[PDB]
Structures are given as structure tokens and as C-alpha cells.
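*Asks:* Before we start, here is the structure in question, set down as C-alpha cells.
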Amino acid sequence: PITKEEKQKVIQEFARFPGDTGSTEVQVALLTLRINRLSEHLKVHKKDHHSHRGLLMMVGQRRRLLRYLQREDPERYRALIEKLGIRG
Amino acid sequence: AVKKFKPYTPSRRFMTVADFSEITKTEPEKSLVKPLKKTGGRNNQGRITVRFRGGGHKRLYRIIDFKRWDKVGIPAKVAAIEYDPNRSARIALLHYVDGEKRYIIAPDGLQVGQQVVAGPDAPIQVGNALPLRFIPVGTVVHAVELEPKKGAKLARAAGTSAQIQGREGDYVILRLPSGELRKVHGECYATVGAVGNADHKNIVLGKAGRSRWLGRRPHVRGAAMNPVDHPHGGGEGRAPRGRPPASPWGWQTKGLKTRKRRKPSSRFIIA
RNA sequence: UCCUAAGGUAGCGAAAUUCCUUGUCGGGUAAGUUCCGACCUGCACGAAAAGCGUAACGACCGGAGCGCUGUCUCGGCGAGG
RNA sequence: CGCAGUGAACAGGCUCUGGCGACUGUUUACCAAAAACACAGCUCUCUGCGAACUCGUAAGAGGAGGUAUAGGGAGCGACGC
RNA sequence: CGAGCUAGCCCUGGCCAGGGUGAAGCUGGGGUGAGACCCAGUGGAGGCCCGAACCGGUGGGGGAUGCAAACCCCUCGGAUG
RNA sequence: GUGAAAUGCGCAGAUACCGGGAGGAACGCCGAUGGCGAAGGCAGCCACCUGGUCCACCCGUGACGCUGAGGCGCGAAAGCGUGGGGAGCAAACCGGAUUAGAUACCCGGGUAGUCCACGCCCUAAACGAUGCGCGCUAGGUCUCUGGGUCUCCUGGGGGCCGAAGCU
RNA sequence: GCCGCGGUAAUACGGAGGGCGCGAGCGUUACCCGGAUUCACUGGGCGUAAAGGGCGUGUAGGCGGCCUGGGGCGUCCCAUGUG
Numbered sequence: 002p003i004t005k006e007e008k009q010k011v012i013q014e015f016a017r018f019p020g021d022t023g024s025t026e027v028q029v030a031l032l033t034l035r036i037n038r039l040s041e042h043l044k045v046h047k048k049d050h051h052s053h054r055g056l057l058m059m060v061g062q063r064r065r066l067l068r069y070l071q072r073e074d075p076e077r078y079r080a081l082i083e084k085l086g087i088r089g
Numbered sequence: 002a003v004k005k006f007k008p009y010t011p012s013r014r015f016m017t018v019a020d021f022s023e024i025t026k027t028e029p030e031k032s033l034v035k036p037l038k039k040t041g042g043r044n045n046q047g048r049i050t051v052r053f054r055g056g057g058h059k060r061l062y063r064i065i066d067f068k069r070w071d072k073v074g075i076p077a078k079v080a081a082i083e084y085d086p087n088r089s090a091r092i093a094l095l096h097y098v099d100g101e102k103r104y105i106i107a108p109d110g111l112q113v114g115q116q117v118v119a120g121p122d123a124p125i126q127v128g129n130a131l132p133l134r135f136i137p138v139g140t141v142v143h144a145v146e147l148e149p150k151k152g153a154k155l156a157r158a159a160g161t162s163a164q165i166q167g168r169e170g171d172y173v174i175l176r177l178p179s180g181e182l183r184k185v186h187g188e189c190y191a192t193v194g195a196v197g198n199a200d201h202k203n204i205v206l207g208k209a210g211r212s213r214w215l216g217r218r219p220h221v222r223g224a225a226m227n228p229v230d231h232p233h234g235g236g237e238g239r240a241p242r243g244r245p246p247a248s249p250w251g252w253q254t255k256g257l258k259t260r261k262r263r264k265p266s267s268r269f270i271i272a
């Protein structure tokens, strides 16, 4: 799975001000991590359709948010995407 | 994996070729042990005695090891998987610690860098060779001797195996690739695993040349000849054998059993 | 109802298979014993001596056009051996 | 500028529609090149290895320095259904 | 007695002017969650196409005490297998 | 074996019993008017990868929401393609019965198929025959699952009886 | 016209007597609106009547919690031109 540490490190690494556990920017980087980890999984177990569903649900979330983020702020919208590697 | 081609030509529509993932990173064969020139020659002292053989790409022979009990206890690293023209399975060149090198008919799973070893001691894993007694009943296994010390006779066609079925005194029950059930001596070596390059069955030759490249000359049907020529031969315009199908030599070829009745090989076979 | 070991399915069908036959209807033409599309009472198709189709291929065999012509109406003149 | 510019020479006539064979190929040297044989592919069958099978009185050799995903025999002959 | 013709196989050599078509793979872009895929550009595949040599022998004419005991002419098939 | 039979198997030694072995499918009891899943659907045991969900703490973001033409994915069984498997069961198919007839119902066999992989197919009484999200409008009864300074109170889910209302 | 009438006692056919309507007219056929809240904005629905998409994921679009100001396009009012 994704450990306590791997989780935290990402969080403290994407925060707006230490302590910030929610926030657009972080929420994203959570999923991204889960996704790639999941992305990676379905790539072996192609036949696991059920778990694929969830991915599509997250994928949306991520989108959903990014659109908010972009709407309020073009500045730290680049930041995130680029310092994270998405937009396909 | 079997490459399939786009139809930029008829014939190249049905033709499929092997993947060569298999072997990669080694083509020119091992000048050292590998080569004796192989002698093309489709019959004995004058007369053709296998019809329809001849032509097909000039071919060098790789000298493999079918008796691994020479090198008992000496491990070797698997150095490469290479192409063998002379059989359906692929071969692995392996360097013994000994210095000495040889080719084994490459079993499935086997990968460059692995170490492999033969003896009663050997770990029960891929490519290792062992007397049949010290091999656990249930494992599949190939390149099996039939009498001890006589060389590996069974299970060497691409993707073949046998399975250890039971023990029984000095002897040991074996299910063969045919489906036959045969006692083989305990000392008869065998190499754990099956053979691999098991897509081999699915090549679609693709056209009638190619068949020629592999040295297989065209085969003319019985009826299609005349009576001098064959049993089926003859008949005004097209014909229905006229009882019961037969080789050129005359002996029946639908259902007639041919193995020798009183063979001492009997008592050892059971299917 | 009688017989058989059991009585021809799918699909094809006047066919390289139809004797009667130039079967009969339709198409094509001024006029078509050939051709093409149909209908079956299939003398005597039929499933791996395959059944029915099939793009592409063919110095393979059939039937139409268009172009063009000494093939022909019908022959004439000329060159050379 | 000519009647004319691939100005001489080398240099495809095209179309519609059947039958057969899937295909490139092979054949009756010297009357038949095809709807014949071959063919990739489909099925049946034999063969456990001193294989079956073939040549040979034998020794021997082919099979095969192969081993059932491999070898012999037989029939149908891409593909679709 | 013959395989100095012809048929097959084995060993070792040599030959295929020049045109055309442009498979896969790469590269790039586009695409998506990742993909599939689509686009150019490159590339250079094939019992691929036109067509000499070379191999053949389709149709017609000629020859028929022949140039010839199978020849000549026009035409035609294959031409990296 | 049936309704009673017959086909069928058996003195060539069956059925019934014992021991040794092979192989495939499905997981008794637990098991329920139970649980999980968006649906189809998911049941012996073990381990790994992985989805959704619920409770509590009121910590963070600060309306970042709902729905969704088209697109995209999943989609029982049957069926199709290539290859593997094949014990049991079984369309077709064949035998025996019954019957006027019996291309059925019952009996004896039996081929695909049923299973594995990989790729197609895209339907259904795919049914709660009830699209999704939210707010509001008596309670009673039993049940699964969580949280509590646990005769009880609170949250999420599954049934039954029913206020108002609707029909 | 629709439901239907006529099989020996027909208020439904045909004639007759009488009667109702309208009248230089009266009937038929065709076609438009109406009745038809029977395409429903006004004004209909989909558990079993015809009607929930097999189920998800999401694009365009539709729609949008509480509070404070800036604008005033929708929205409302006034005059005036036109109509």
C-alpha cells in the first residue's frame, strides 16, 4: 500500500503552510500518488475492472479540482501541474 | 508472440513468424563447440528412402549436451539464449565455472544470468538436471533419458514436457508428451521444467516456398498417380480410393497398428 | 401400409451433372439450339474423391457492349523474296 | 512553325457479366499448360525411440545425430459459412 | 553397358539493365488517467508491379524430300525466387 | 431403472465391500426473511496487489456543487475465434418406453458446450418491471454494522406493520 | 358518421300517413380550426395501463448555499420616435 510516511512526506511537501492537510494543491497530490500506484496496478491486473472504476472516480475528482484551482489562480496552477507532471 | 503480417501480398496474409524475444542478444553461434558442418542428404546408399525431402536453407549444426551427468556438481551460468535451426526448441549456451561451455536445449523460464547445475544434490528448479528418483513426484520435466546413461530421448520438441507420476522400486512412472504412461529407470536423468519456445506450434508457414526453405518438397497424393505408381492410382476421372486407404507400399493406413507385438519395451509402457 | 442396415439434412439445381430439351417464364437482340436471371418431376447434385459462397489472381472456357479495323459486302493497286 | 512536337524507333485497346481453380508455381522433351499436379491450411491414422516406415540376403544406411509442438502413411486443398 | 540427353538430390561457384509500389519499424506531433488509435516525416518489406539479360513456349502465320529428325517470324508468360 | 416396464450392464465375473492410483468440476455444515457491489454480479482455506464504504475527532480547503445530449468503460447466460482441458452434467443426435401419433414429457447412452487463457460478441422478466442528487412530512416492530462517562443514546445499511398524504 | 339494423310480428331497409329541423334553398363529398388537457407554455404523463436509459464514468449544455459592495446585461417603470 501507501505507507504513513510516504503519505505524510507528500503532504508536508505540497502544503500551503505547515499543518494544511486539505487544500486543493495537496488533495491533488494525494490522488496523483494513489493514481500512479493504481495506474501501475491495473497495468498488471488488466482484468480487475472493479478497481478500475475507482480510478475513474478519482481521475474526475482530480480534474474537478484542477478546474477550480485554475479558475482562481493561474500562477500556482502551473506550479503544481509542472512540479508534479500531469496534463496529457 | 507470433508476428502476423499485413496483407501487402497474398500469402503474406496468412503467414506468421516467431517473436525472437526468446533469444535476443546472441545470433552468431559458438564457433567453438557449436559447429560441425551438417550433412544435407535425403537418402542412404543410392535410393531415396524418405520421399519429399530436399532443398531448404544451408545449415550448420549445433552440438548440444544431452548427457549432463558429466558435469555433476559443477554449476554454470546461463550465458545466452540463441537460435537453433536444427530443432524446434531454442538453445542456451552456458559457461561452466569449469571454464568449459556447452549448449542445452533451453527450458521454459530460463533467463540469461541464471546459474544452473546437475546432480542428486541439485535444487529442484529450472534447468537443473537430476536422476528421476531425486525429483519430486508431480513436477514436470523434460530432456529425459530412457535408460540410464544413454542420453536424453524424451521431451525436447518445442514446448514439451513430462510429469513425474509415481515411484516404483528402481523405476519411476512417467506421463509422456504423447499421453503414454511409462516406467523409466530411477537413474535416468532429466532436467526439471518443460521445454519452451512453446508458440512454435502456431507458426503459420504461410505459402508453399518456405515449406521449401525448410527442405520439404511437394507431396503428391496417391490417387493422383497411376496404378503402377500407387494403390489408389488409376480410375477414369477422379476417384474414391476403392477400399481401404493405403500407402504407396500397399499396407493399410487408416487405423492399422504397426508397433511390434512381442517387444521387450512392453511391460514398461501402459498407454 | 410394405421394405431397409438407414432411407438425402443444410445448401445447391435444365448445372463442365437434365434423357425428354431449343423444358417453361423473364432479360438481352430487328431475329438468340449459345448467354444471363428465375421456376425444380434433380432420367442421373449434395457435404472433406468435401457442400454453398468468395475479394484478388488467370497466355484457362462461355456471353454482351464501346472503340477500331481488308474478317467481310468485294475486291483494287503497289513493294520486295 | 507545320497536317502533325513520345513529328523517326522502342511503346497497354477498354467495359459488363457467367463457369473452374483461392493465390505466385508445376506438367505431357517433340500435337494437350488446363478446370490437371503442386500449394499454404483442415482431418483421420500410425510411431515411446534399437521409433514407425523405406533400401538392402546381410552387415549397414536413410528416418535423425531428430524424439509426439516431432516423424511416417492417407484424404481434402487460401478464406467465410 | 549407360544419368557427357533427360528427372531428383548432394558439394562448390556464378547471374538477375533500369523503372514503379511503399508493409513493419523508428522519429515527431495529436490523443488518454495510462492506453488503444490517428496524423505527418523517415524507412525500404514482398513466392509485389512494368520491363531487358536470362528462363520459357500462349495464340497466329511460315516451314513440311525443311535452315531444323521440333527450325524461323509476329505475339505472349516469369523475371529476388 | 420405472408409474409398471424396456433399452442397457453382468458368469468374458458386474452390482455390493476393501486397499492403491488418476483426473476434472463444484465447494456440505457455518448460511440467514444475513453481508458486499453502480449494475451484471460475488461463497472451502492461505498469502500478496487493489476498489468502494462506515464511525469517531471538528484539525485543513472554502461553494471547489448537482445532473449529464454525445463519448468512454463495465455488462448474466447462450454463442464465436485460436489453443489447452474434459470427471460430472448435457442441447443436437441414437436407442427403450408411452401414445392414434410422440420429431416431447419418463428411461439407457451421447457431441458440442459447461472449465482455463487470450480475443470477440453487448442481449435479457439486465426487474424494485420504481433514473440521479438534495430538502421536507407520526411512529411501532427485528436485524446487520459502527460510535457513547454503554436499563440506553447516536450514525450507516437491510426487512415487516403502518400518521398525514397520494393512488 | 360511430355503436349497430335486417334470420316472418323491424319505431334502423322500401313505400305510406303523420311528425321534427331549415327554407330559395336543403343535403352530400372534400379540406382548415374546434370539440382533442389526443405533443399538455397556459394544460398530460412513465411500479402493474403506452412510457426509467442494463449500470457506471464524464464532455457540451442546463441549473446553483450564506453575507457585503461595484456594474446595471436580464428584469421593472417613465417619456418619445415608429408601429
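Going down the list, the sequences are from chains A and B. Position one of the first sequence corresponds to residue 2 (UniProt numbering), numbered consecutively onward. Position one of the second sequence corresponds to residue 2 (UniProt numbering), numbered consecutively onward. The beta-carbon is built from N, C-alpha and C at its ideal position, and this holds for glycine as well.
(1) Thinking C-alpha only, which one of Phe-21(B), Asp-71(B) and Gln-166(B) is nearest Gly-180(B)?
(2) Can the beta-carbon of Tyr-97(B) be found closer than 9 Å to that of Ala-77(B)?
(3) Who pairs with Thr-17(B) in a beta bridge, going by DSSP?
(4) Could you spell out where the alpha helix (DSSP H) holding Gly-55(A) opens and where it closes?
(5) Any contact of the segment 75-94 of chain B with the segment 22-33 of chain B, i.e. 3+ C-beta pairs under 8 Å?
(6) Are the beta-carbon atoms of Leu-34(A) and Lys-8(A) separated by less than 9 Å?
(7) Can you give me the C-alpha to C-alpha distance between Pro-29(B) and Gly-207(B), rounded to a whole angstrom?
(8) Rounded to a whole number of angstroms, what is the C-alpha to C-alpha distance between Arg-244(B) and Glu-237(B)?
(9) Would you report the Cα separation of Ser-212(B) and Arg-134(B), rounded to the nearest angstrom?
(10) Taking the alpha helix (DSSP H) that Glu-26(A) belongs to, which residues open and close that run?
(11) As an exercise, report each continuous beta strand (DSSP E) stretch of at least 3 residues that is fully enclosed by the segment 126-185 of chain B, in chain order.
(12) Between the C-alpha atoms of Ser-267(B) and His-143(B), what's the straight-line distance to the nearest angstrom?
(13) Helix, strand or coil: how does DSSP classify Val-221(B) here?
(14) Determine contact between the segment 208-228 of chain B and the segment 55-63 of chain B, defined as no fewer than three beta-carbon pairs at a distance below 8 Å.
(15) Am I right that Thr-161(B) and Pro-178(B) are in contact with their C-beta atoms under 8 Å? What's the rounded C-beta distance?
(16) Quick check on DSSP: helix, strand or coil for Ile-82(A)?
(17) How should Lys-72(B) be labelled, buried or exposed, when 16 other C-beta atoms within 10 angstroms of its C-beta is the threshold for buried?
(18) Do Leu-70(A) and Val-29(A) have their CB atoms nearer than 9 Å?
(19) Tell me where the alpha helix (DSSP H) around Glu-6(A) begins and ends.
(20) Classify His-42(A): buried if its beta carbon has 16 or more other beta carbons within 10 angstroms, exposed otherwise.
(21) Measure the C-alpha to C-alpha separation of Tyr-104(B) and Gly-152(B) and round it to an integer number of angstroms.
(22) What span of residues does the beta strand (DSSP E) with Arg-43(B) cover, start to end?
*Replies:* According to the data block:
(1) Here residue 180(B) corresponds to residue number 179 of the second sequence, with the count starting at 1. The shortest Cα separation from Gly-180(B) among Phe-21(B), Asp-71(B) and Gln-166(B) belongs to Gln-166(B).
(2) In the second sequence, residue 97(B) corresponds to position 96, counting from 1. In the second sequence, residue 77(B) corresponds to position 76, counting from 1. Yes, these two residues count as a Cβ contact at 9 Å.
(3) Locating residue 17(B) in the second sequence gives position 16, where the first residue counts as 1. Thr-17(B) is bridged to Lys-5(B).
(4) Here residue 55(A) refers to the residue found at position 54 of the first sequence. Run containing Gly-55(A): 50-73, per the alpha helix (DSSP H) assignment.
(5) yes
(6) Numbered from 1 along the first sequence, position 33 holds the residue referred to as residue 34(A). Numbered from 1 along the first sequence, position 7 holds the residue referred to as residue 8(A). A contact, by the Cβ cut-off of 9 Å.
(7) Position 28 of the second sequence holds residue 29(B). Position 206 of the second sequence holds residue 207(B). Rounded to the nearest angstrom, the two C-alpha atoms are 26 Å apart.
(8) Here residue 244(B) refers to the residue found at position 243 when the second sequence is read from its first residue. Here residue 237(B) refers to the residue found at position 236 when the second sequence is read from its first residue. Between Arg-244(B) and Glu-237(B), the C-alpha separation is close to 16 Å.
(9) Counted from its first residue, the second sequence places residue 212(B) at position 211. Counted from its first residue, the second sequence places residue 134(B) at position 133. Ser-212(B) and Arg-134(B): Cα-Cα distance of roughly 42 Å.
(10) Taking the first sequence and counting its residues from 1, one reaches residue 26(A) at position 25. Segment 25-43, the alpha helix (DSSP H) holding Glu-26(A).
(11) 130-132, 141-143, 153-155, 163-169 and 172-176
(12) Looking up residue 267(B) in the second sequence gives position 266. Looking up residue 143(B) in the second sequence gives position 142. Computed Cα separation, rounded: 22 Å.
(13) As a position in the second sequence, residue 221(B) is number 220, starting the count at 1. Three-state DSSP puts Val-221(B) in coil, outside helix and strand.
(14) yes
(15) The residue given as residue 161(B) occupies position 160 in the second sequence. The residue given as residue 178(B) occupies position 177 in the second sequence. That pair is a contact at about 5 Å.
(16) Position 81 of the first sequence holds residue 82(A). Helix at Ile-82(A).
(17) Within the second sequence, residue 72(B) is the residue found at index 71, counting from 1. When all chains shown are included, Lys-72(B) counts as buried.
(18) Here the question's residue 70(A) lines up with position 69 in the first sequence. Here the question's residue 29(A) lines up with position 28 in the first sequence. Their beta carbons are under 9 Å apart, which means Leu-70(A) touches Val-29(A) by this criterion.
(19) Position 5 of the first sequence, counted from the first residue, corresponds to residue 6(A). 5-15 is the extent of the alpha helix (DSSP H) around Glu-6(A).
(20) Here the question's residue 42(A) lines up with position 41 in the first sequence. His-42(A) should be labelled exposed.
(21) On the second sequence, position 103 is the one that residue 104(B) refers to. On the second sequence, position 151 is the one that residue 152(B) refers to. Using only the alpha carbons, I get a separation of about 14 Å.
(22) Residue 43(B) sits at position 42 when you count from the first residue of the second sequence. Run containing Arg-43(B): none; DSSP gives neither H nor E here.
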